[PDB]
Structures are given as structure tokens and as C-alpha cells.
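Participant: Data: coords05.cif, mmCIF, C-alpha atoms.
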```
data_my_file
#
loop_
_atom_site.group_PDB
_atom_site.id
_atom_site.type_symbol
_atom_site.label_atom_id
_atom_site.label_comp_id
_atom_site.auth_asym_id
_atom_site.auth_seq_id
_atom_site.Cartn_x
_atom_site.Cartn_y
_atom_site.Cartn_z
ATOM 1 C CA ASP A 3 -116.623 -50.434 -10.080
ATOM 2 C CA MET A 4 -119.553 -48.130 -10.905
ATOM 3 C CA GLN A 5 -121.727 -47.623 -7.781
ATOM 4 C CA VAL A 6 -123.878 -45.131 -5.833
ATOM 5 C CA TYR A 7 -124.929 -44.709 -2.190
ATOM 6 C CA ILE A 8 -128.657 -43.967 -1.904
ATOM 7 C CA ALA A 9 -130.051 -42.785 1.436
ATOM 8 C CA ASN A 10 -133.590 -42.536 2.796
ATOM 9 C CA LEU A 11 -134.367 -38.803 2.967
ATOM 10 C CA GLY A 12 -137.302 -39.355 5.352
ATOM 11 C CA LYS A 13 -134.872 -40.802 7.914
ATOM 12 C CA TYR A 14 -131.762 -38.699 7.116
ATOM 13 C CA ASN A 15 -133.517 -35.320 7.634
ATOM 14 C CA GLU A 16 -134.342 -36.448 11.178
ATOM 15 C CA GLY A 17 -130.763 -37.602 11.898
ATOM 16 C CA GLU A 18 -130.708 -41.383 11.382
ATOM 17 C CA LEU A 19 -128.377 -42.612 8.622
ATOM 18 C CA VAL A 20 -130.183 -45.298 6.595
ATOM 19 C CA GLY A 21 -128.706 -46.007 3.153
ATOM 20 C CA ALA A 22 -126.701 -48.520 1.114
ATOM 21 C CA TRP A 23 -124.183 -48.868 -1.712
ATOM 22 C CA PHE A 24 -125.865 -50.096 -4.889
ATOM 23 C CA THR A 25 -124.200 -51.333 -8.062
ATOM 24 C CA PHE A 26 -125.608 -51.191 -11.592
ATOM 25 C CA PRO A 27 -128.113 -51.713 -12.987
ATOM 26 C CA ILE A 28 -129.857 -50.245 -9.926
ATOM 27 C CA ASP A 29 -133.130 -52.085 -9.395
ATOM 28 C CA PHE A 30 -135.875 -50.122 -7.677
ATOM 29 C CA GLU A 31 -137.311 -53.022 -5.643
ATOM 30 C CA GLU A 32 -133.871 -53.723 -4.126
ATOM 31 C CA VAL A 33 -133.504 -50.069 -3.065
ATOM 32 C CA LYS A 34 -137.088 -49.976 -1.747
ATOM 33 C CA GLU A 35 -136.346 -53.056 0.401
ATOM 34 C CA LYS A 36 -132.805 -52.066 1.500
ATOM 35 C CA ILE A 37 -133.407 -48.493 2.744
ATOM 36 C CA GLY A 38 -137.123 -48.726 3.625
ATOM 37 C CA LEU A 39 -138.985 -46.637 1.045
ATOM 38 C CA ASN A 40 -142.732 -46.628 0.224
ATOM 39 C CA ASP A 41 -144.871 -47.819 -2.750
ATOM 40 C CA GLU A 42 -144.069 -44.599 -4.669
ATOM 41 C CA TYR A 43 -140.270 -45.058 -4.215
ATOM 42 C CA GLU A 44 -140.533 -41.686 -2.482
ATOM 43 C CA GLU A 45 -137.846 -39.484 -0.885
ATOM 44 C CA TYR A 46 -134.405 -40.832 -1.661
ATOM 45 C CA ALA A 47 -131.243 -38.830 -2.353
ATOM 46 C CA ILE A 48 -127.704 -39.678 -3.498
ATOM 47 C CA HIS A 49 -125.328 -38.898 -0.620
ATOM 48 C CA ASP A 50 -122.206 -40.607 -2.020
ATOM 49 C CA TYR A 51 -120.976 -42.257 -5.228
ATOM 50 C CA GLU A 52 -118.136 -43.775 -7.237
ATOM 51 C CA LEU A 53 -118.755 -42.827 -10.890
ATOM 52 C CA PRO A 54 -116.797 -41.381 -13.848
ATOM 53 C CA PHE A 55 -119.122 -38.322 -13.954
ATOM 54 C CA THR A 56 -120.785 -35.795 -11.613
ATOM 55 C CA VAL A 57 -124.234 -36.426 -10.099
ATOM 56 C CA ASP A 58 -126.659 -34.422 -7.913
ATOM 57 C CA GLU A 59 -128.295 -35.433 -4.633
ATOM 58 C CA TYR A 60 -131.649 -35.275 -6.434
ATOM 59 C CA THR A 61 -130.668 -37.356 -9.496
ATOM 60 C CA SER A 62 -133.219 -40.121 -9.987
ATOM 61 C CA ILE A 63 -132.482 -43.837 -10.198
ATOM 62 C CA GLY A 64 -133.878 -43.687 -13.740
ATOM 63 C CA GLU A 65 -131.331 -41.035 -14.708
ATOM 64 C CA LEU A 66 -128.501 -43.133 -13.282
ATOM 65 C CA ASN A 67 -129.562 -46.363 -15.027
ATOM 66 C CA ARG A 68 -129.932 -44.459 -18.301
ATOM 67 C CA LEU A 69 -126.388 -43.052 -18.078
ATOM 68 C CA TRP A 70 -125.187 -46.581 -17.264
ATOM 69 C CA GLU A 71 -126.853 -47.889 -20.442
ATOM 70 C CA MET A 72 -125.169 -45.214 -22.568
ATOM 71 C CA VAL A 73 -121.791 -45.956 -20.970
ATOM 72 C CA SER A 74 -122.285 -49.687 -21.697
ATOM 73 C CA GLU A 75 -122.877 -49.091 -25.438
ATOM 74 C CA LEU A 76 -119.424 -47.482 -25.718
ATOM 75 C CA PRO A 77 -116.339 -49.500 -26.764
ATOM 76 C CA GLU A 78 -114.384 -50.819 -23.750
ATOM 77 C CA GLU A 79 -111.347 -48.635 -24.639
ATOM 78 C CA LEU A 80 -113.450 -45.495 -24.081
ATOM 79 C CA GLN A 81 -115.177 -46.790 -20.910
ATOM 80 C CA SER A 82 -111.843 -47.297 -19.115
ATOM 81 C CA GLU A 83 -110.926 -43.612 -19.638
ATOM 82 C CA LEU A 84 -114.450 -42.173 -19.563
ATOM 83 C CA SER A 85 -113.779 -39.696 -16.770
ATOM 84 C CA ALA A 86 -110.931 -38.106 -18.741
ATOM 85 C CA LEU A 87 -112.986 -38.027 -21.954
ATOM 86 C CA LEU A 88 -115.925 -36.340 -20.215
ATOM 87 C CA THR A 89 -113.598 -33.401 -19.469
ATOM 88 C CA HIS A 90 -113.596 -32.363 -23.161
ATOM 89 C CA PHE A 91 -116.999 -33.782 -24.074
ATOM 90 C CA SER A 92 -119.217 -32.387 -21.356
ATOM 91 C CA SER A 93 -121.784 -35.233 -21.556
ATOM 92 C CA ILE A 94 -122.030 -38.941 -22.428
ATOM 93 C CA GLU A 95 -124.525 -37.882 -25.102
ATOM 94 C CA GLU A 96 -121.754 -35.894 -26.816
ATOM 95 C CA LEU A 97 -119.024 -38.555 -26.352
ATOM 96 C CA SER A 98 -121.204 -41.219 -27.972
ATOM 97 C CA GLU A 99 -122.078 -38.765 -30.758
ATOM 98 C CA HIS A 100 -118.402 -38.385 -31.755
ATOM 99 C CA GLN A 101 -117.095 -41.750 -30.467
ATOM 100 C CA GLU A 102 -115.526 -42.661 -33.836
ATOM 101 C CA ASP A 103 -113.580 -39.368 -34.061
ATOM 102 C CA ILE A 104 -111.123 -40.561 -31.378
ATOM 103 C CA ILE A 105 -107.617 -41.997 -31.845
ATOM 104 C CA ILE A 106 -105.903 -43.924 -29.032
ATOM 105 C CA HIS A 107 -102.116 -43.445 -29.195
ATOM 106 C CA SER A 108 -101.506 -46.405 -26.876
ATOM 107 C CA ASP A 109 -97.708 -46.156 -26.431
ATOM 108 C CA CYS A 110 -97.437 -42.340 -26.103
ATOM 109 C CA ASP A 111 -96.758 -40.596 -22.776
ATOM 110 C CA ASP A 112 -96.527 -37.011 -24.112
ATOM 111 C CA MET A 113 -96.765 -34.823 -27.229
ATOM 112 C CA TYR A 114 -93.135 -35.590 -28.138
ATOM 113 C CA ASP A 115 -94.087 -39.287 -28.411
ATOM 114 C CA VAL A 116 -97.115 -38.304 -30.515
ATOM 115 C CA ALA A 117 -94.980 -36.059 -32.754
ATOM 116 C CA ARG A 118 -92.384 -38.796 -33.256
ATOM 117 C CA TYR A 119 -95.148 -41.284 -34.137
ATOM 118 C CA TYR A 120 -96.717 -39.177 -36.911
ATOM 119 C CA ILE A 121 -93.340 -38.251 -38.438
ATOM 120 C CA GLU A 122 -91.553 -41.618 -38.261
ATOM 121 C CA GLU A 123 -94.106 -44.453 -38.487
ATOM 122 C CA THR A 124 -96.914 -42.541 -40.284
ATOM 123 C CA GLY A 125 -95.007 -40.404 -42.819
ATOM 124 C CA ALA A 126 -97.179 -37.376 -42.028
ATOM 125 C CA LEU A 127 -94.607 -35.058 -43.631
ATOM 126 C CA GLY A 128 -93.240 -37.405 -46.334
ATOM 127 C CA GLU A 129 -90.171 -39.634 -46.006
ATOM 128 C CA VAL A 130 -87.406 -38.361 -43.721
ATOM 129 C CA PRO A 131 -83.745 -38.963 -44.613
ATOM 130 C CA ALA A 132 -81.325 -40.523 -42.109
ATOM 131 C CA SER A 133 -78.895 -37.595 -41.847
ATOM 132 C CA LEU A 134 -81.778 -35.151 -41.275
ATOM 133 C CA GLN A 135 -83.372 -37.023 -38.336
ATOM 134 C CA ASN A 136 -81.149 -35.439 -35.662
ATOM 135 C CA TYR A 137 -82.296 -31.950 -36.740
ATOM 136 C CA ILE A 138 -86.083 -32.523 -36.713
ATOM 137 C CA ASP A 139 -87.609 -30.617 -33.797
ATOM 138 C CA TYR A 140 -90.304 -33.095 -32.718
ATOM 139 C CA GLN A 141 -90.947 -31.035 -29.581
ATOM 140 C CA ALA A 142 -92.000 -28.145 -31.867
ATOM 141 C CA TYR A 143 -94.320 -30.293 -34.013
ATOM 142 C CA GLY A 144 -95.999 -31.882 -30.984
ATOM 143 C CA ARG A 145 -96.609 -28.348 -29.737
ATOM 144 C CA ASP A 146 -98.190 -27.243 -33.038
ATOM 145 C CA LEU A 147 -100.434 -30.316 -32.874
ATOM 146 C CA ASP A 148 -101.548 -29.717 -29.271
ATOM 147 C CA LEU A 149 -102.312 -26.052 -30.006
ATOM 148 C CA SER A 150 -104.286 -26.946 -33.162
ATOM 149 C CA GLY A 151 -106.233 -29.881 -31.658
ATOM 150 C CA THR A 152 -107.252 -31.764 -28.513
ATOM 151 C CA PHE A 153 -105.036 -34.403 -26.894
ATOM 152 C CA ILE A 154 -106.023 -36.061 -23.598
ATOM 153 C CA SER A 155 -103.315 -37.688 -21.483
ATOM 154 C CA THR A 156 -104.255 -40.871 -19.643
ATOM 155 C CA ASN A 157 -103.087 -44.217 -18.226
ATOM 156 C CA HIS A 158 -104.005 -46.011 -21.480
ATOM 157 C CA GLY A 159 -102.008 -43.485 -23.545
ATOM 158 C CA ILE A 160 -102.918 -40.272 -25.345
ATOM 159 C CA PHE A 161 -106.414 -39.864 -26.787
ATOM 160 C CA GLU A 162 -106.650 -37.513 -29.784
ATOM 161 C CA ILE A 163 -109.962 -35.983 -30.897
ATOM 162 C CA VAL A 164 -110.507 -34.968 -34.537
ATOM 163 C CA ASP B 3 -56.899 3.905 -53.480
ATOM 164 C CA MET B 4 -53.781 1.723 -53.656
ATOM 165 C CA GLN B 5 -50.293 3.299 -53.513
ATOM 166 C CA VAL B 6 -46.763 3.068 -52.035
ATOM 167 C CA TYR B 7 -44.057 5.585 -51.050
ATOM 168 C CA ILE B 8 -40.646 4.569 -52.448
ATOM 169 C CA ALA B 9 -37.471 6.273 -51.192
ATOM 170 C CA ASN B 10 -34.029 6.367 -52.827
ATOM 171 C CA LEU B 11 -31.736 5.211 -50.012
ATOM 172 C CA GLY B 12 -28.651 6.868 -51.518
ATOM 173 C CA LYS B 13 -30.069 10.189 -52.704
ATOM 174 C CA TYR B 14 -30.767 12.910 -50.157
ATOM 175 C CA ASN B 15 -32.421 16.244 -50.755
ATOM 176 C CA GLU B 16 -32.429 18.877 -47.990
ATOM 177 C CA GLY B 17 -31.513 16.402 -45.258
ATOM 178 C CA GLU B 18 -34.259 14.029 -46.338
ATOM 179 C CA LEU B 19 -34.193 11.022 -48.639
ATOM 180 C CA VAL B 20 -35.714 11.618 -52.073
ATOM 181 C CA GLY B 21 -39.041 9.786 -52.455
ATOM 182 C CA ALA B 22 -42.511 9.890 -54.007
ATOM 183 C CA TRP B 23 -45.914 8.184 -54.025
ATOM 184 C CA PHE B 24 -46.672 5.735 -56.836
ATOM 185 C CA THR B 25 -50.010 4.287 -57.923
ATOM 186 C CA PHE B 26 -50.387 0.833 -59.499
ATOM 187 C CA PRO B 27 -49.188 -0.656 -61.703
ATOM 188 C CA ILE B 28 -45.863 0.784 -60.521
ATOM 189 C CA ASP B 29 -43.930 1.639 -63.673
ATOM 190 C CA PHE B 30 -40.206 0.893 -63.176
ATOM 191 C CA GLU B 31 -39.081 3.676 -65.498
ATOM 192 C CA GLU B 32 -41.363 6.209 -63.798
ATOM 193 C CA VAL B 33 -39.812 5.312 -60.423
ATOM 194 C CA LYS B 34 -36.243 5.500 -61.749
ATOM 195 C CA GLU B 35 -36.918 8.908 -63.337
ATOM 196 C CA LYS B 36 -38.804 10.390 -60.347
ATOM 197 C CA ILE B 37 -36.536 9.400 -57.418
ATOM 198 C CA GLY B 38 -33.306 9.114 -59.454
ATOM 199 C CA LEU B 39 -32.263 5.450 -59.244
ATOM 200 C CA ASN B 40 -29.283 4.072 -61.208
ATOM 201 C CA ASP B 41 -29.483 2.030 -64.449
ATOM 202 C CA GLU B 42 -29.745 -1.219 -62.446
ATOM 203 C CA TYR B 43 -32.744 0.197 -60.451
ATOM 204 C CA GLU B 44 -30.845 -0.138 -57.163
ATOM 205 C CA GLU B 45 -30.873 1.613 -53.785
ATOM 206 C CA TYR B 46 -34.598 1.927 -52.961
ATOM 207 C CA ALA B 47 -37.042 0.910 -50.231
ATOM 208 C CA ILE B 48 -40.699 1.327 -49.256
ATOM 209 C CA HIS B 49 -40.923 3.857 -46.413
ATOM 210 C CA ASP B 50 -44.715 4.281 -46.461
ATOM 211 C CA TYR B 51 -47.791 2.739 -48.103
ATOM 212 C CA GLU B 52 -51.584 2.750 -48.360
ATOM 213 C CA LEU B 53 -52.457 -0.874 -49.071
ATOM 214 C CA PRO B 54 -55.057 -3.337 -47.713
ATOM 215 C CA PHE B 55 -52.230 -5.652 -46.502
ATOM 216 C CA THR B 56 -48.826 -5.735 -44.757
ATOM 217 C CA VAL B 57 -45.631 -5.282 -46.756
ATOM 218 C CA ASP B 58 -41.946 -4.887 -45.813
ATOM 219 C CA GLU B 59 -39.490 -2.016 -46.240
ATOM 220 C CA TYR B 60 -37.378 -4.275 -48.483
ATOM 221 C CA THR B 61 -40.229 -5.503 -50.765
ATOM 222 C CA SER B 62 -39.386 -5.110 -54.466
ATOM 223 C CA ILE B 63 -41.373 -3.228 -57.131
ATOM 224 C CA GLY B 64 -41.796 -6.592 -58.865
ATOM 225 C CA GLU B 65 -43.319 -8.185 -55.762
ATOM 226 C CA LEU B 66 -45.684 -5.230 -55.254
ATOM 227 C CA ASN B 67 -46.920 -5.341 -58.857
ATOM 228 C CA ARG B 68 -47.395 -9.090 -58.436
ATOM 229 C CA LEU B 69 -49.479 -8.526 -55.274
ATOM 230 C CA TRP B 70 -51.548 -5.950 -57.148
ATOM 231 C CA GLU B 71 -52.157 -8.397 -60.002
ATOM 232 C CA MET B 72 -53.192 -11.123 -57.555
ATOM 233 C CA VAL B 73 -55.628 -8.896 -55.662
ATOM 234 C CA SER B 74 -57.105 -7.441 -58.894
ATOM 235 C CA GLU B 75 -57.794 -10.961 -60.173
ATOM 236 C CA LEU B 76 -59.815 -12.010 -57.094
ATOM 237 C CA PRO B 77 -63.621 -11.731 -57.086
ATOM 238 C CA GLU B 78 -64.907 -8.308 -55.936
ATOM 239 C CA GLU B 79 -66.388 -9.572 -52.660
ATOM 240 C CA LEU B 80 -63.033 -11.120 -51.704
ATOM 241 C CA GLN B 81 -61.256 -7.895 -52.707
ATOM 242 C CA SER B 82 -63.334 -5.786 -50.335
ATOM 243 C CA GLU B 83 -62.854 -8.221 -47.418
ATOM 244 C CA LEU B 84 -59.080 -8.764 -47.461
ATOM 245 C CA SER B 85 -58.494 -7.811 -43.840
ATOM 246 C CA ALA B 86 -60.845 -10.617 -42.739
ATOM 247 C CA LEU B 87 -59.366 -13.186 -45.137
ATOM 248 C CA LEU B 88 -55.795 -12.444 -44.003
ATOM 249 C CA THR B 89 -56.746 -13.417 -40.441
ATOM 250 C CA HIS B 90 -57.078 -16.942 -41.864
ATOM 251 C CA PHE B 91 -54.650 -17.077 -44.803
ATOM 252 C CA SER B 92 -51.054 -16.085 -44.042
ATOM 253 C CA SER B 93 -50.570 -13.956 -47.185
ATOM 254 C CA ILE B 94 -52.042 -12.641 -50.443
ATOM 255 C CA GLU B 95 -49.965 -15.322 -52.191
ATOM 256 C CA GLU B 96 -51.715 -18.075 -50.193
ATOM 257 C CA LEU B 97 -55.159 -16.490 -50.615
ATOM 258 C CA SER B 98 -54.628 -16.306 -54.389
ATOM 259 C CA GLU B 99 -53.555 -19.996 -54.488
ATOM 260 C CA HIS B 100 -56.592 -21.159 -52.514
ATOM 261 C CA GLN B 101 -59.141 -18.699 -54.017
ATOM 262 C CA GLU B 102 -61.042 -21.453 -55.875
ATOM 263 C CA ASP B 103 -61.643 -23.284 -52.549
ATOM 264 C CA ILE B 104 -63.447 -20.254 -51.092
ATOM 265 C CA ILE B 105 -67.262 -20.360 -51.319
ATOM 266 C CA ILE B 106 -68.914 -16.929 -51.142
ATOM 267 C CA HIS B 107 -72.367 -17.166 -49.545
ATOM 268 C CA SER B 108 -73.190 -13.581 -50.547
ATOM 269 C CA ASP B 109 -76.888 -13.832 -49.625
ATOM 270 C CA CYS B 110 -76.215 -15.161 -46.066
ATOM 271 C CA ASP B 111 -75.943 -12.987 -42.938
ATOM 272 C CA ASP B 112 -75.345 -15.796 -40.406
ATOM 273 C CA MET B 113 -74.946 -19.573 -40.056
ATOM 274 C CA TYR B 114 -78.713 -20.137 -39.930
ATOM 275 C CA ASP B 115 -78.928 -18.772 -43.480
ATOM 276 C CA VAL B 116 -76.021 -21.034 -44.490
ATOM 277 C CA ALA B 117 -77.668 -24.139 -42.981
ATOM 278 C CA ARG B 118 -80.960 -23.203 -44.674
ATOM 279 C CA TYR B 119 -79.172 -23.016 -48.051
ATOM 280 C CA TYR B 120 -77.356 -26.359 -47.730
ATOM 281 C CA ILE B 121 -80.455 -28.280 -46.601
ATOM 282 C CA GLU B 122 -83.038 -26.666 -48.931
ATOM 283 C CA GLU B 123 -81.023 -25.537 -51.987
ATOM 284 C CA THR B 124 -78.254 -28.181 -51.977
ATOM 285 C CA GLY B 125 -79.782 -31.349 -50.511
ATOM 286 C CA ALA B 126 -76.739 -31.917 -48.297
ATOM 287 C CA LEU B 127 -78.867 -34.176 -46.055
ATOM 288 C CA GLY B 128 -81.215 -35.582 -48.737
ATOM 289 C CA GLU B 129 -84.697 -34.726 -50.030
ATOM 290 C CA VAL B 130 -86.392 -32.263 -47.636
ATOM 291 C CA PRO B 131 -90.144 -32.182 -48.434
ATOM 292 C CA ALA B 132 -92.439 -29.126 -48.273
ATOM 293 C CA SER B 133 -94.196 -29.421 -44.894
ATOM 294 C CA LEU B 134 -91.120 -30.827 -43.078
ATOM 295 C CA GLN B 135 -89.026 -27.720 -43.914
ATOM 296 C CA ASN B 136 -91.028 -25.743 -41.328
ATOM 297 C CA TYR B 137 -89.717 -27.925 -38.433
ATOM 298 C CA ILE B 138 -86.004 -28.316 -39.213
ATOM 299 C CA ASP B 139 -83.554 -26.980 -36.629
ATOM 300 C CA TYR B 140 -81.341 -24.878 -38.922
ATOM 301 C CA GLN B 141 -79.608 -23.040 -36.023
ATOM 302 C CA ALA B 142 -78.502 -26.467 -34.786
ATOM 303 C CA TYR B 143 -77.133 -27.465 -38.215
ATOM 304 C CA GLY B 144 -75.364 -24.131 -38.777
ATOM 305 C CA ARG B 145 -73.729 -24.451 -35.372
ATOM 306 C CA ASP B 146 -72.484 -27.954 -36.233
ATOM 307 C CA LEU B 147 -71.102 -26.677 -39.564
ATOM 308 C CA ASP B 148 -69.337 -23.772 -37.814
ATOM 309 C CA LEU B 149 -67.887 -26.060 -35.091
ATOM 310 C CA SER B 150 -66.339 -28.431 -37.684
ATOM 311 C CA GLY B 151 -65.931 -26.289 -40.839
ATOM 312 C CA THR B 152 -64.290 -22.947 -41.617
ATOM 313 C CA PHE B 153 -66.700 -20.044 -42.107
ATOM 314 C CA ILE B 154 -65.816 -16.329 -41.954
ATOM 315 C CA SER B 155 -68.486 -13.659 -41.347
ATOM 316 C CA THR B 156 -68.033 -10.472 -43.371
ATOM 317 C CA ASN B 157 -70.080 -7.472 -44.526
ATOM 318 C CA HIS B 158 -70.211 -9.014 -48.017
ATOM 319 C CA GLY B 159 -71.468 -12.358 -46.641
ATOM 320 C CA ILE B 160 -70.214 -15.612 -45.136
ATOM 321 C CA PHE B 161 -67.089 -17.063 -46.758
ATOM 322 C CA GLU B 162 -66.562 -20.818 -46.458
ATOM 323 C CA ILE B 163 -63.155 -22.438 -47.000
ATOM 324 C CA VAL B 164 -63.461 -26.021 -48.220
ATOM 325 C CA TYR B 165 -60.859 -28.749 -48.782
#
```
Turn this file's structure into C-alpha cells for me.
Facilitator:
Amino acid sequence: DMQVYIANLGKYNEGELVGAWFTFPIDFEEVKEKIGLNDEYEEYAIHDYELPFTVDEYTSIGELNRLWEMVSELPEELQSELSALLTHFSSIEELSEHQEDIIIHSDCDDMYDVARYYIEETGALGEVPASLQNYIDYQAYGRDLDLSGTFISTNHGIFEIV
Amino acid sequence: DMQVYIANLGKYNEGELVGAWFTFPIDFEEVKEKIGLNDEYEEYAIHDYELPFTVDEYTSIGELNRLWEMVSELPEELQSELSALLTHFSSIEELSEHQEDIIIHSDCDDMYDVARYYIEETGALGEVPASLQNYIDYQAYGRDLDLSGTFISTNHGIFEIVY
């Protein structure tokens, strides 16, 4: 699903739209042939894309392929929510650096669910009696967690960063 | 602080019944001598009083002294909060009978403080660990206790009546 639309700048500046959607890994000879570039692979720009991160018009094919490599080295669980993760981590460099400091709470839809997980099935505050359970303010604990950490809500659950 | 005005119903002086104020314990002989009752101590009634409870015109010296004994024997904090207790108990007699079923939470100002004590100090809901204590809804528990139990708020604390 990762793809970019690379246009010929020598034709676009004049008015004529000559480009194409390319998937990864982007091979230079294919681009050269498809949008009519020269031996130097000269004057192309990125005029549209479908990626989990921002890109400039003047971002090189080499930059793109490199980011694709880094994304591929990541575990599949992180790749499927990469866009959300790159909101906290501001770069793939950083995400990969701390990749193992991430916890995927798969069946949690909010901080209440995360609070109830740590208390009940983790024993984060020691064993809880039966009679006391209806008086534990999980909403309050989930709040104290969210304020004192980073929790990212997504379609594959809540991602917590240590 | 505690006294009653006892009138001789049969002895007048200057168009007004003979009477006097008496402090506790009300000495029978003193009364007889002061307001001039007969040898059988008859013909008297209580026409005024300064007591922390209600009492009738036809209440006997014996009953009064018995009420004084009962009040004096109560714990101090119950003594100073009689008016509040007698909105629950029907009489000093009944309060005295049930005095050992009254729990005096002297250190508690409201039901939160009472809930806090039962959970932390008593273990009424089992072992509450250190870190967990900071996230227990004590207002909720105190409200549940108040809705189903009997707790009276007073200036000398919360009194709880238990079966």
C-alpha cells in the first residue's frame, strides 16, 4: 500500500502532466522509462503519495527507498500503525531506536481498559479483594498513567511507550 | 448545670405555690425540708427544669435521680451530644440500654473519614495494599454505609449504632 507519484519536472513546469504511481522498492530505470527522464535521472519531483509519513516535492528516490528499508526492518505490528507511532517519535530513525520500549495493549480501547488490565490481570498494585473491586476508581488510575506516560490509541489497540 | 424546680402542690405562699431549685443528686430530705412536704413525701411536681432532655410535670424524684445516674455513667462524648442521640433513641432509658452498641468515631468529621477508617484500619473489605489505597473511592463507600447503616454526625464526631 506504500506508493508515490513521481512527475517529470521538465514537462510539468511547461503544463503537460507526465508522471506515474510507483510502488516500492522504487527502481530508477523504471522511473526513467515511465516518465521520460535523462541519463542523469534529472528533474523529477513528488507531486502525490500514499505513505505513513510526510515527504517533500524535492525528496529523492534514494531517500524514499532508504525510508522503505528502515520501515521493512521493523516488526509487522509496528508497521501497521507506523503513522500513529511517528506522531510521538518524529522520525523512523527514532522509532527503530526505541522499538523494544513499546507495549501493544491489543484488547484496550481506552485508558479505562488499560487501567483495568494493569490492576486485574497484572497485579500492578498487589492482589485486590473481591469486596473492594466495586470501589476501585480505574478511571482515576488510567488518568494518572496517561499523564505520567505516553499512550497512543489505534485500530490495533493502545500502544504504550516506556 | 443540671437542676429542677419542684413545687409543693398543696402549700401556697403569697398566692404562689412554694417551690425551689434543686441540683443533683436530688436529696429527698432536702426537698421535704425546703418546700415542706409531708412524711410520705407527697404533693409535689416539677414546674420547671434545666436538663438536656424532656421530663414531665409528674416525674418522681426517684426517676430524676435515676436519669441523672444513667447520663453520668455514659461516656463523655455521648453526654455532650444528648440532643442528637435523642432524635434517634426514644429516651435516656433506651440510650442507656443500647450504649454499648454505639461506636464513637471521635476522629471522623464525615463519612469519607469513616469509610477510610473501616477500609484501612479495620480491613472490612480485606487486605488493602500500599499503592492501591491512593485509588479507592472512599466517598462512594461512606455513602453506601450511610444509606444502609445508622450514623449520626455530631460536634464530637460520628456516632454509629450497630446491631
Participant: Return as a count of residues only the set of residues that the PyMOL selection byres ((chain A and resi 91) around 12) yields on the displayed structure.
Facilitator: 23
Participant: Got a sec to resolve the PyMOL selection byres ((chain B) within 9 of (chain A)) on this structure and send the residues as a VMD selection string?
Facilitator: chain B and resid 121 126 to 134 137 to 140 142 to 143
Participant: Leaving out residue 90 in chain B and any residue of its chain fewer than 3 positions from it, which residues lie within 12 Å of it when counting only C-alpha atoms, given as a PyMOL selection string?
Facilitator: chain B and resi 83-87+93-94+96-97+100+104+152-155+161-163
Participant: Work out how far CA of residue 10 in chain B is from CA of residue 26 in chain B, in Å to one decimal.
Facilitator: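 Interatomic distance here is 18.5 Å.
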Participant: Under the PyMOL selection byres ((chain A and resi 3) around 9), which residues of this model are included? Write them out as a list in words.
Facilitator: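 The output of the PyMOL selection byres ((chain A and resi 3) around 9) on this file is residues 4, 5, 25, 52 and 53 of chain A.
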Participant: How far is it from CA of residue 7 in chain A to CA of residue 83 in chain A, in Å with one decimal?
Facilitator: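 These atoms are spaced 22.4 Å apart.
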Participant: Report the distance between CA of residue 153 in chain A and CA of residue 125 in chain A in Å, rounded to one decimal place.
Facilitator: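 Here the two named atoms are 19.8 Å from each other.
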Participant: Would you list the contacts of range 58-60 of chain A as an MDAnalysis selection string, taking every protein, DNA or RNA residue within 7 Å and counting all atoms listed in the file, but skipping same-chain residues closer than 5 positions in sequence?
Facilitator: chainID A and resid 47:49
Participant: Here is a test: counting only C-alpha atoms, which residue of B:95, B:109, B:148, B:102 is nearest to residue 77 in chain B?
Facilitator: B:102
Participant: From the block you just saw, export range 91-124 of chain A: C-alpha atoms, as a PDB file, in the first residue's frame.
Facilitator:
```pdb
ATOM      1  CA  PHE A  91       8.587   9.613  17.525  1.00  0.00           C
ATOM      2  CA  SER A  92       9.223  12.295  14.945  1.00  0.00           C
ATOM      3  CA  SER A  93      11.327  10.039  12.662  1.00  0.00           C
ATOM      4  CA  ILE A  94      11.712   6.375  11.661  1.00  0.00           C
ATOM      5  CA  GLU A  95      15.284   6.667  12.945  1.00  0.00           C
ATOM      6  CA  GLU A  96      13.909   7.358  16.438  1.00  0.00           C
ATOM      7  CA  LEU A  97      11.135   4.707  16.294  1.00  0.00           C
ATOM      8  CA  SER A  98      13.636   1.995  15.365  1.00  0.00           C
ATOM      9  CA  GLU A  99      15.971   3.254  18.106  1.00  0.00           C
ATOM     10  CA  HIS A 100      13.339   2.632  20.815  1.00  0.00           C
ATOM     11  CA  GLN A 101      11.322  -0.111  19.054  1.00  0.00           C
ATOM     12  CA  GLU A 102      11.607  -2.510  22.022  1.00  0.00           C
ATOM     13  CA  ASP A 103      10.284   0.080  24.516  1.00  0.00           C
ATOM     14  CA  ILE A 104       6.730  -0.324  23.150  1.00  0.00           C
ATOM     15  CA  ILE A 105       3.846  -2.355  24.610  1.00  0.00           C
ATOM     16  CA  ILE A 106       0.813  -3.257  22.477  1.00  0.00           C
ATOM     17  CA  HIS A 107      -2.327  -3.477  24.641  1.00  0.00           C
ATOM     18  CA  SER A 108      -4.236  -5.336  21.919  1.00  0.00           C
ATOM     19  CA  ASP A 109      -7.710  -5.528  23.526  1.00  0.00           C
ATOM     20  CA  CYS A 110      -7.833  -1.985  25.001  1.00  0.00           C
ATOM     21  CA  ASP A 111      -9.972   0.803  23.506  1.00  0.00           C
ATOM     22  CA  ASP A 112      -9.238   3.485  26.143  1.00  0.00           C
ATOM     23  CA  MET A 113      -7.301   4.273  29.335  1.00  0.00           C
ATOM     24  CA  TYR A 114     -10.021   2.654  31.475  1.00  0.00           C
ATOM     25  CA  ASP A 115      -9.331  -0.653  29.676  1.00  0.00           C
ATOM     26  CA  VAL A 116      -5.593  -0.121  30.233  1.00  0.00           C
ATOM     27  CA  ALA A 117      -6.137   0.695  33.927  1.00  0.00           C
ATOM     28  CA  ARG A 118      -8.314  -2.386  34.427  1.00  0.00           C
ATOM     29  CA  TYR A 119      -5.671  -4.556  32.722  1.00  0.00           C
ATOM     30  CA  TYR A 120      -2.770  -3.499  34.971  1.00  0.00           C
ATOM     31  CA  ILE A 121      -4.837  -3.789  38.170  1.00  0.00           C
ATOM     32  CA  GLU A 122      -6.706  -7.047  37.494  1.00  0.00           C
ATOM     33  CA  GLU A 123      -4.601  -9.305  35.242  1.00  0.00           C
ATOM     34  CA  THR A 124      -1.141  -7.846  36.058  1.00  0.00           C
TER      35      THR A 124
END
```
